[PDB]
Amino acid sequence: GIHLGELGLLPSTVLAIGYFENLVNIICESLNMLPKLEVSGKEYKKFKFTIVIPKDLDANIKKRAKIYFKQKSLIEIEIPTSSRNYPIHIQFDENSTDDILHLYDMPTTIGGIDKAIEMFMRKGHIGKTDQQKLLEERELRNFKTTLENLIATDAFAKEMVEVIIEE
């Protein structure tokens, strides 16, 4: 029945819902809509999408993702989609050893969580306390859990998507 209470969620839950709906699902639908995908003069019929959750929660995950992609020598790839007026931009491994197109992303939306955490702590000093680190790790775990639960509900995503932790 009716519950007294205010609208309120973990930031990781809302950000993971958005990430699944507006990137994961459209990637899977694009790759399953085309009977075959071709990139850089090579054809791919099988795909894997790996979502890399950052090991530490930095406010700027765009920088962290750039560093991670550079370290792994992954390069940009553009995948067309009919669900959006601009294509999907992700990373892939041109050094793969199979006929599977291995795609990767580190969700930049995660960065926002850090801001939320700071407001929760009413931070008055420079530096991350072990309490802030604990809250960050808890949020990273919840983001991963929510994403995996959403992936389990979709046949496309369950077939081709995995979620791992950085390093």
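All residue numbers are counted from 1 along the displayed sequence.
Given the B-factors recorded for C-alpha atoms, which segment has the greater mean, 102 to 110 or 132 to 140?
Between 132 to 140 and 102 to 110, it is 132 to 140.
Would you tell me which stretch averages the higher CA B-factor in the PDB entry, 12 to 20 or 150 to 158?
150 to 158 has the higher mean C-alpha B-factor.
Can you tell me which third, lowest, middle or highest, the CA B-factor of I61 falls into for its chain?
Answer is lowest: the recorded C-alpha B-factor places it there.
Taking only the Cα B-factors deposited for this chain, tell me whether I53 sits in the lowest, middle or highest third.
For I53, whose C-alpha B-factor we compare with every modelled residue in the chain, the answer is the lowest third.
Lowest, middle or highest third: where is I26 by Cα B-factor in its chain?
Ranked within chain, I26 CA B lands in the lowest tercile.
Within this chain, which third does the Cα B-factor at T97 fall in: lowest, middle or highest?
It falls in the top third of the chain.
Taking the C-alpha B-factors as the PDB entry records them, is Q91 in the lowest, middle or highest third of its chain?
Lowest third.
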